[PDB]
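K.L.:
What follows is a structure written as structure tokens; I'll ask about it next.
Neighbour counts run over all protein chains shown; Cβ positions are idealised from the backbone, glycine included. What follows draws every value from the coordinates through simple rules; no lab data is involved.
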Amino acid sequence: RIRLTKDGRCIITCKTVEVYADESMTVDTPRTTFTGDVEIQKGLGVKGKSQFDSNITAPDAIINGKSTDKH
Amino acid sequence: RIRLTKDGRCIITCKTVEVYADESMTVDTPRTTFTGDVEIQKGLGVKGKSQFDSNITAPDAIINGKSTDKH
Amino acid sequence: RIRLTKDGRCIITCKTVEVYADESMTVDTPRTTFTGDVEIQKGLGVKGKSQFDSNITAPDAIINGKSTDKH
Ligand SMILES: [Fe+3]
Ligand SMILES: [Fe+3]
Ligand SMILES: [Fe+3]
Ligand SMILES: [Pt+2]
Ligand SMILES: [Pt+2]
Ligand SMILES: [Pt+2]
């Protein structure tokens, strides 16, 4: 079920949503919110400041060009 | 091509998917998986625990309120 | 407004996009780009290398199994 709304809401309601985009997907919006968990299966780039409210885990963190595991 | 499915799958299959949402997008699902790379062009907030399986790179990491580049 | 395109673009244009996926969402594409901010309300896993162009903030960072707040 895909509802389009006067007032400007686009609502997709189902069990699973599967997007297969051969080349790319672009989400052009001021803010995107995921209510659950997220997995990224290749890499991540982030331009702006990031806050993690809980602990992060990483094999190493390269800070201002310097190793953290080996500093 | 957008398929809606008895059994509850919503399948969007194309070359590129472009979402232009003037105000916001909200994805309310227990788990979202991206098979490829992801870029976030403003900021990131994450509530729960994060694991990075590979090295991360950052100009600085502010840990429990303390600089890592300058500690 | 949802446009499907010869040439292979799927364009969704509205004020807000709301996805309610009872079980999961999967985005199978080489690259997904968010132009704005992103919040993840549970956890994040990332397989590949991550770059944060700006400072990150975390209560702690567990690097190669070691605490950063308490090392
Ligand atoms: Fe040290
Ligand atoms: Fe130190
Ligand atoms: Fe130290
Ligand atoms: Pt910013
Ligand atoms: Pt959690
Ligand atoms: Pt990679």
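K.L.:
Taking segment B:56-71 only, how many residues are within 14 Å of ligand 1 (Cβ to nearest atom) and aliphatic (A, V, I, L, M)?
P.N.:
So the answer is 2.
K.L.:
Now for a separate question. Residue B:58 versus (1) within 15 Å of residue C:60 (Cα to Cα); (2) surrounded by 20 or more Cβ atoms within 10 Å (Cβ to Cβ); (3) within 16 Å of ligand 6 (Cβ to nearest atom): which is the lone unmet condition?
P.N.:
So residue B:58 meets the others, but not (3).
K.L.:
So residue C:3 clears everything in (1) within 26 Å of residue B:8 (Cβ to Cβ); (2) facing another protein chain (nearest Cβ under 7 Å) except one condition, right? Which one?
P.N.:
Residue C:3 satisfies all of (1) within 26 Å of residue B:8 (Cβ to Cβ); (2) facing another protein chain (nearest Cβ under 7 Å) except (2).
K.L.:
Search segment B:10-59 for residues being more than 30 Å from residue A:7 (Cα to Cα) and of a type in the set (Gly, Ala, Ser), and hand back the single one that is farthest from ligand 2 (Cβ to nearest atom).
P.N.:
Step by step, filter segment B:10-59, then rank; the result is B:36.
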